[PDB]
Each structure stands twice: as structure tokens, then as C-alpha cells.
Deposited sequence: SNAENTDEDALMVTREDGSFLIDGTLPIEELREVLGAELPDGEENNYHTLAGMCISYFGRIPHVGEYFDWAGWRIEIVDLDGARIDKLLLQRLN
């Protein structure tokens, strides 16, 4: 089944909302949530629009796909 994380040409990451935060911490070298999508909902306090973003642990996390209410895909880019 679908890869949970993939690397783009520029080194940024496209990541499934279900990735556990523990695993996210490990792969970036960087509660009321235990997954990436959960962390997003916690931060925005609502279901974010695609294209909204926030910064966390020296990374920018941008919503890139929703499936209905599900935060399905995020883009992670290291802050410059």
C-alpha cells in the first residue's frame, strides 16, 4: 500500500497525515495528538485549507491535500 513518506527532487518531503509524531521526529532530526495530521488540527484548531502552513522545529509544514475532513498529505521543507 501507499508509501507514507517520499522525497522530492529538491530534498523536501511529502508525508502522509497518519505518520506518527515519534517517527516524524526521527526523520526530521527534530499530547492531544500522536500523528502529523493530529498536530495540524491541534495547531489550527480547525481543519486547515490546502496551502496553509506553520513552522515547527525548524521546518515548515504545509497542507497539500485534503480528502474531505482528512489531512491527507503534507509538504515538509527545512527552514532555509
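Several segments of the deposited sequence have no coordinates for C-alpha: 1-7, 38-44, numbered from the first residue.
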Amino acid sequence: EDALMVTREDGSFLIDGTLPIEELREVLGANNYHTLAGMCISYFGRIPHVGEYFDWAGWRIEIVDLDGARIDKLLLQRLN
From here on, numbers count along this sequence of modelled residues.
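Compared with the other modelled residues of the chain, the Cα B-factor recorded for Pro20 ranks in the middle third. In the PDB entry, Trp56 places in the highest third of its chain by CA B-factor. Ranked by C-alpha B-factor against the other modelled residues of its chain, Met5 falls in the highest third. In this PDB entry, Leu76 carries a Cα temperature factor that places it within the middle third of its chain's modelled residues.
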